[PDB]
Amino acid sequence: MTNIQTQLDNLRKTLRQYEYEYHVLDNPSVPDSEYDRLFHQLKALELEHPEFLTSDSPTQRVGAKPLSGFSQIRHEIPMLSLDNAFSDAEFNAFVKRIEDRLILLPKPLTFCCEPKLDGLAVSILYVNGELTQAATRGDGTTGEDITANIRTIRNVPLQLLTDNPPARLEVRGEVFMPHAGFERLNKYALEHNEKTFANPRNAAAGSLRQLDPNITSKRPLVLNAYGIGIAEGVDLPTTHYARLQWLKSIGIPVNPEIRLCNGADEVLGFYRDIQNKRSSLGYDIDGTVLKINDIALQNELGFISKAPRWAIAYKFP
């Protein structure tokens, strides 16, 4: 035991927990000045004693050197896309198609309804609680190594907030820029004659493609997790909402507007409640993602591959 290693461990613990309280809960226990006080007290102490500097410390989010290019990562589990509806009738058709396809339809059919954030899909790997790599969705099978960029997102934890983390956990989410940060970014790009982005999705997309993480750190990017990929050394919950609640409990940011619904009539209430709220949310959304809440029924219904919307193989029994 040393005095310095005791101070760094205690500071890092307090700060990672204060980041969790501000970012994930929107309920900080201390003012932003108390957080910074401990933050630059830790950073100064880590430079005075470089021997005890850790890779996943909250002071080490940004890399000092810009990268040569972007590597190629292929997704272990492929990253799935989404089918889309445009009317109450079209949504109700997708629902009847599932009621008639199920071996046993339960009473009621629970759905996990979330907003369809207008951002970029990314992967984040957590090997024994530590962020080892992050990748863009790319084509759904092969993406780019954007780890340095993903490490700069203030609400993306560099370490999971659990003493028993899984062996490997791939968090999957949507990276986006909120309205306030977007407004700020254009006004700064106007007063310094630089690129202005047409909307917050292009602003976030461009910020994540920057080779220098010192530029990405200055962009107000935000992660909201929508699912899990690799899951080793853990027994994940039997429903989608419980898995999202589980991600939140170990340090991962999820959307707060996600609610459960029983049957298409309740699910259509959520679509129109979120539609009124759209005009005063603080970030862009282009609809809602409505999901079957039970993981047994997901594996039962399964997935479609790259196929037409105008052709169906009515298979024989």
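Rigid core (definition): largest C-alpha set, two forms, superposition within 1.5 Å. Numbering starts at 1 and follows the sequence shown.
- For the pair 192-200 and 239-247, rigid core superposition yields a higher RMS C-alpha distance in 6 other deposited structures of this protein in 192-200.
- Look at the C-alpha B-factors of 131-139 and of 186-194. On average they run higher in 186-194.
- Relative to its counterpart among 146-154 and 70-78, 70-78 has the higher mean temperature factor, C-alpha atoms as listed in the PDB entry.
- Across the options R101, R243, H179, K116, the residue with the most elevated CA B-factor in the record is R101.
- When the C-alpha B-factors of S33, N27, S279, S249 are ranked from the entry, the top spot goes to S279.
- Residue-level temperature factors show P213 in the middle third of its chain, judged at the C-alpha atom.
- Sort the modelled residues of the chain by CA B factor and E174 lands in the lowest third.
- Ranked against the other modelled residues of its chain, the C-alpha B-factor of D284 as given in the entry falls in the middle third.
- For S57, the recorded CA B-factor ranks within the middle third of the chain. Only modelled residues enter the ranking.
- In the PDB entry, a CA B factor belonging to the highest third of its chain's modelled residues is recorded for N3.
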